[PDB]
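Reviewing the structure listed below.
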Ligand SMILES: Nc1ncnc2c1ncn2[C@@H]1O[C@H](COP(=O)(O)OP(=O)(O)O)[C@@H](O)[C@H]1O
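Residue numbers (the authors' numbering), protein chains in the order written: chain 7, 462 to 692; chain 4, 177 to 212, 221 to 467, 469 to 782, 790 to 838.
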């Protein structure tokens with residue numbers, strides 16, 4: 462638990478504009494899809510948006526992904542296909558739009574990290590949902606002698622003061638950084654022909670060695686072409 | 177020079193200059209279209233208006249752009265609809281008079297000159313959608329898209345009034361023209377005095393037709409983060425009953441704004457006006474998506490002949506019909522058409538081929554009493570994820586004329602029919618159509634077929650079997666049909682399919698219900714290496730040179746030949762499956778029954801084989817079936833059967 466993952470979620474859901482941070486439970490099924498309510502003075506019957514309709518073209522941070530109700534899981538799986546949430550409830554037949562990006566943070570099975578236990582044994586999620594994520598991480602927690610002094614001098618160096626870095630670096634202020642990244646999104650680069658050969662041969666490598674194991678061991682099968690589109 | 181007070185128009189320049197437009201038009205719209221029949225349009229279309237007796241000429245707007253002069257009249261038209269439309273009406277009538285003085289003995293000249301002719305323009309731009317519209321732009325012309333939810337009943341409108349007295353008795357009458365109707369207090373008989381009572385007999389006067397249709401649109405290039413929206417529009421006389429519940433319509437009309445009362449009791453007209461549309465021309470057919478059937482339409486084929494209207498069916502031209510009879514002579518049509526469906530997804534040509542055969546569905550035979558046999562076929566496809574199941578469903582959702590796309594765990598037993606609700610603008614109890622009545626004729630789609638309830642999925646035992654729906658609750662006790670071609674998909678427990686495990690076990694369905702579906706695919710993955718090179722070369726073929734080129738080598742792909750090919754293959758063919766194939770068909774069915782002692793085979797396989805077989809015979813323009821081609825109609829199940837060994 463102590464790899465400080467919530468700090469990054471509050472962080473990047475504070476740098477990006479239009480970024481919504483929702484915990485596990487938390488929002489209901491109707492809280493993060495839209496609902497219908499009567500409108501005062503201007504009329505009438507507007508679809509009041511939920512969490513996901515609020516934060517589109519942004520980043521939707523999510524805590525505690527395992528504790529979600531299963532209807533919310535199918536909502537997220539409908540966000541994994543683009544643009545689409547479809548509703549057939551008592552007064553709605555619509556197909557609203559959502560162009561969001563999802564960052565999740567799921568915990569393993571209790572307690573932590575048994576190398577006796579297999580992968581996906583300590584994971585409470587199906588490998589289809591592992592295939593919908595093109596990039597998957599894991600943050601271990603192993604006691605090690607050398608890093609502890611750097612970590613202790615790091616943390617106690619900030620409770621001692623209020624700024625961490627030194628020798629030789631200054632942190633970029635976030636407003637100028639948002640000006641940089643906001644400038645960066647107007648480029649649309651174009652690929653070429655040598656990168657065609659290199660991407661193809663690398664995909665032959667990953668496809669080739671990924672399917673010669675075929676086991677429930679520490680290997681993760683079977684390197685779907687979503688990794689190719691993701692890379 | 178004369179002018180009108182609200183505007184800058186003049187009657188002379190518009191009249192003479194538009195008269196100068198209707199006598200010369202030589203494909204300048206092609207001079208913008210870059211050229212890739222030399223006689224002008226409106227003499228031909230004015231003759232088609234002339235001999236057939238139909239009214240209602242209609243023209244485009246880009247045609248008014250392309251000609252020079254009258255580049256000016258377009259910008260006059262887009263701003264000022266009512267006055268300019270009245271002017272074009274007057275000069276059309278005088279153009280008919282200026283034609284009839286050529287032969288002098290034409291059509292009993294008085295009444296056909298007397299009959300009202302009118303203009304319906306369309307295609308007047310589409311820059312910004314419904315949301316952006318400022319109150320600066322009140323009265324203009326607007327294009328919209330999107331479907332249609334419900335349809336109010338007919339309400340009349342007074343055009344003529346009618347008065348009497350009790351003394352003694354004389355019967356004057358009065359018109360409307362502006363907003364109000366004045367009535368006299370005195371007199372008739374004597375006129376003058378006495379000031380007798382003036383009654384109104386409201387069973388004698390003229391009336392009109394006013395129908396209100398509620399709409400929901402899909403305004404592309406969204407102003408993020410926009411949510412969907414609802415407009416209400418108010419069609420008039422001729423266009424009554426020109427819109428069902430479900431179609432995809434592109435509308436022109438005039439944006440209006442009229443205040444409403446408060447609480448029906450005082451005269452306090454509330455501020456903060458209400459907006460609506462006031463339609464002019466309805467555009469149902471289209472040239473990019475599919476075209477509607479004919480066995481469904483036949484009630485409104487039986488109607489709509491007494492009163493002249495719009496076409497509702499794509500007009501098949503004559504020149505390219507020769508190209509239809511040319512492409513029908515191709516031998517490789519059975520892999521060419523199935524190859525040309527989804528040119529961005531590349532496997533599963535049996536599945537592409539079955540999706541082609543869902544568009545040619547069966548033969549509609551009606552008996553004397555009972556029977557009522559449709560051409561429904563129904564396809565499941567499952568297997569491992571990351572297999573582009575969704576791309577197929579979005580593409581079919583684009584092509585289908587009346588498709589509705591639900592999902593799993595977003596349904597209820599209420600959620601597919603009878604949304605009996607409270608409409609706000611009239612404050613009564615109005616009944617809506619749910620999710621399958623909108624699906625009536627066409628293709629539905631359902632994702633995650635595993636994760637329904639028991640209550641939901643108990644709807645489909647009626648729709649798949651009886652081809653009815655039986656609503657019985659407090660609103661309406663009356664069965665109503667929803668013919669539909671259900672397509673669905675499901676993801677297994679694995680999620681990878683593992684061998685040496687029963688096929689029925691790996692998807693959580695009761696195998697009678699899995700046995701009820703016609704064509705069941707099981708798409709799995711191969712660990713070999715040779716295909717993946719061509720796979721990645723297709724992907725990086727798509728990403729490169731930032732232009733849609735996707736498949737041009739070494740292949741010919743029709744762009745929009747296939748939609749009119751399918752519709753022409755849907756009206757003018759009735760295939761019959763007579764004697765000579767019953768030996769092979771019954772022979773193969775009893776051969777299928779041989780396996781006994790996983791999945792089994794019932795009579796739905798036999799019904800499946802005849803309807804899929806004659807669906808193959810609907811292709812390639814043959815009014816009878818042959819003993820040959822039934823074999824691959826068996827092989828479409830046998831490919832899955834070879835995919836059931838593992
Ligand atoms: N490398 C690190 N640097 C600074 N603080 C850390 C580090 N690793 C762990 N922590 C501490 O561990 C805690 C982790 O808790 P948090 O990130 O809020 O949720 P979770 O326990 O789910 O990760 C943080 O409060 C943080 O103070």
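For each residue, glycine too, the CB sits at the ideal point set by N, CA and C.
**Message:** Under 8 Å, with one C-beta from each stretch per pair, do the segment 703-713 of chain 4 and the segment 827-834 of chain 4 reach the 3-pair mark?
**Reply:** They touch, by the three-pair rule.
**Prompt:** If you draw a straight line from the C-alpha of residue 177 (chain 4) to the C-alpha of residue 250 (chain 4), how long is it?
**Reply:** If I take the Cα positions, the gap works out to 28 Å.
**Request:** Could you tell me which chain 4 residues have their CB closer than 8 Å to the CB of residue 548 (chain 7), listed as they occur along the chain?
**Result:** Ordered by position in chain 4, the residues that pass the 8 Å Cβ test against residue 548 (chain 7) are 595.
**Asked** residue 614 (chain 7): which of 625 (chain 7), 604 (chain 7), 605 (chain 7) sits nearest, CA to CA?
**Response** The residue with the shortest Cα to Cα distance from residue 614 (chain 7) is 625 (chain 7).
**Message:** The alpha helix (DSSP H) that contains residue 220 (chain 4), what's its start and end?
**Reply:** You won't find residue 220 (chain 4) in this model, because chain 4 goes from 212 right to 221.
**Alpha-carbon spacing of residue 658 (chain 7) relative to residue 529 (chain 4), whole angstroms** = Going by the C-alpha atoms only, they are around 21 Å apart.
**Asked** Do you know how far the Cα of residue 495 (chain 7) is from the Cα of residue 487 (chain 7)?
**Response** Spanning the alpha carbons of residue 487 (chain 7) and residue 495 (chain 7) requires a straight line of approximately 16 Å.
**Asked** What is the rounded straight-line gap between the Cα of residue 435 (chain 4) and the Cα of residue 720 (chain 4)?
**Response** When rounded, the distance between both Cα atoms is 43 Å.
**Asked** Given that residue 406 (chain 4) touches chain 7, what residues does it touch there, using C-beta distances under 7 Å?
**Response** Residues of chain 7 passing the Cβ test: 558.
**As assigned by DSSP and simplified to three states, the class of residue 768 (chain 4)** = For residue 768 (chain 4), the secondary structure class from DSSP, reduced to helix, strand or coil, is helix.
**Message:** Considering only their Cβ atoms, is the gap separating residue 197 (chain 4) from residue 254 (chain 4) smaller than 7 Å?
**Reply:** It is a contact, given that the beta carbons lie within the stated cut-off.
**Item:** Own chain residues within Cβ distance below 6 Å of residue 734 (chain 4), not counting five before or after
**Value:** Contacts found: none.
**Prompt:** Within the present structure, is the beta-carbon of residue 468 (chain 7) separated from the nearest heavy atom of ligand 1 by less than 6 Å?
**Reply:** Distances between the C-beta of residue 468 (chain 7) and the heavy atoms of ligand 1 include at least one below 6 Å.
**Message:** What does the alpha-carbon distance come out to for the pair residue 634 (chain 7) and residue 617 (chain 7)?
**Reply:** Their Cα atoms are separated by approximately 23 Å.
**Item:** Residues in the segment 526-538 of chain 4 having any Cβ partner in chain 7 nearer than 7 Å
**Value:** Answer set for the segment 526-538 of chain 4: empty.
**Message:** In this structure, how does DSSP classify residue 380 (chain 4) when only helix, strand and coil are distinguished?
**Reply:** Secondary structure at residue 380 (chain 4): coil, using DSSP grouped into helix, strand and coil.
**Backbone secondary structure at residue 352 (chain 4) - three-state DSSP** = Residue 352 (chain 4) sits in coil when the DSSP states are folded into three classes, being neither helix nor strand.
**Asked** For the segment 516-537 of chain 7, which residues have a beta carbon sitting closer than 7 Å to at least one beta carbon of chain 4?
**Response** Listed by position, the residues of the segment 516-537 of chain 7 near chain 4 (Cβ gap below 7 Å) are 517, 518, 532, 535.
**Prompt:** Can you list, in chain order, the residues of its chain whose CB lies under 7 Å from that of residue 525 (chain 4), leaving out five sequence neighbours each side?
**Reply:** Same-chain partners within the cutoff: 742, 743, 747.
**Message:** Counting only Cβ pairs nearer than 8 Å, list the residues of chain 4 close to residue 647 (chain 7).
**Reply:** Those do not exist, as residue 647 (chain 7) stays about 15 Å from chain 4 at its closest Cβ, beyond 8 Å.
**Reference residue 679 (chain 7), options 581 (chain 7), 465 (chain 7), 549 (chain 7), 569 (chain 7), closest by Cα** = When each option's Cα is compared against that of residue 679 (chain 7), the closest is 581 (chain 7).
**Request:** Can you give me the start and stop residues for the beta strand (DSSP E) that residue 812 (chain 4) sits inside?
**Result:** For residue 812 (chain 4), no beta strand (DSSP E) segment is defined, and its DSSP state is neither H nor E.
**Asked** Between the segment 516-527 of chain 7 and the segment 554-566 of chain 7, do three or more beta carbon pairs fall short of 8 Å?
**Response** A contact is defined here as three or more CB-CB pairs under 8 Å, and the segment 516-527 of chain 7 meets this definition with respect to the segment 554-566 of chain 7.
**Prompt:** Just curious, the alpha helix (DSSP H) that residue 482 (chain 7) is in, first and last residue?
**Reply:** Bounds of any alpha helix (DSSP H) do not take in residue 482 (chain 7); it lies within the beta strand (DSSP E) bounded by 480-483.
**Item:** Own chain residues within Cβ distance below 7 Å of residue 479 (chain 7), not counting five before or after
**Value:** Closer than 7 Å at Cβ, skipping near neighbours: 516, 518, 519.
**Asked** Residue range of the beta strand (DSSP E) that residue 784 (chain 4) falls in?
**Response** In this structure residue 784 (chain 4) is absent; chain 4 steps straight from 782 to 790.
**Message:** With a threshold of 6 Å (Cβ to nearest heavy atom), would residue 462 (chain 7) be considered close to ligand 1?
**Reply:** Distances between the C-beta of residue 462 (chain 7) and the heavy atoms of ligand 1 include at least one below 6 Å.
**Prompt:** So does residue 657 (chain 4) have its beta carbon nearer than 6 Å to some heavy atom of ligand 1?
**Reply:** Every heavy atom of ligand 1 is 6 Å or more from the Cβ of residue 657 (chain 4), so no.
**Message:** Using the three-state DSSP reduction, which class does residue 498 (chain 7) fall into: helix, strand or coil?
**Reply:** Strand.
**Request:** Look at the Cβ atom of residue 586 (chain 4), then the Cβ atom of residue 627 (chain 4), and state whether they are nearer than 7 Å.
**Result:** The answer is yes: Cβ separation under 7 Å.
**Asked** Does DSSP put residue 249 (chain 4) in a helix, a strand or coil?
**Response** DSSP places residue 249 (chain 4) in helix when its eight states are reduced to three.
**Asked** Three-state secondary structure (DSSP) at residue 590 (chain 4)?
**Response** In the structure shown, residue 590 (chain 4) sits in a strand (DSSP, three-state: E or B).
**Item:** Residue from 770 (chain 4), 769 (chain 4), 777 (chain 4), 755 (chain 4) whose Cα sits closest to the Cα of residue 814 (chain 4)
**Value:** In terms of CA proximity to residue 814 (chain 4), 755 (chain 4) leads the group 770 (chain 4), 769 (chain 4), 777 (chain 4), 755 (chain 4).
**Request:** From the DSSP output, in three-state form, read off residue 674 (chain 7) for me.
**Result:** Note: residue 674 (chain 7) maps to coil in three-state DSSP.
**Request:** Give me the Cα-Cα distance between residue 382 (chain 4) and residue 450 (chain 4), rounded to the nearest whole angstrom.
**Result:** Computed Cα separation, rounded: 26 Å.
**Prompt:** Going straight from the alpha carbon of residue 623 (chain 7) to that of residue 643 (chain 7), what length do you get?
**Reply:** Cα to Cα, the separation comes out at about 29 Å.
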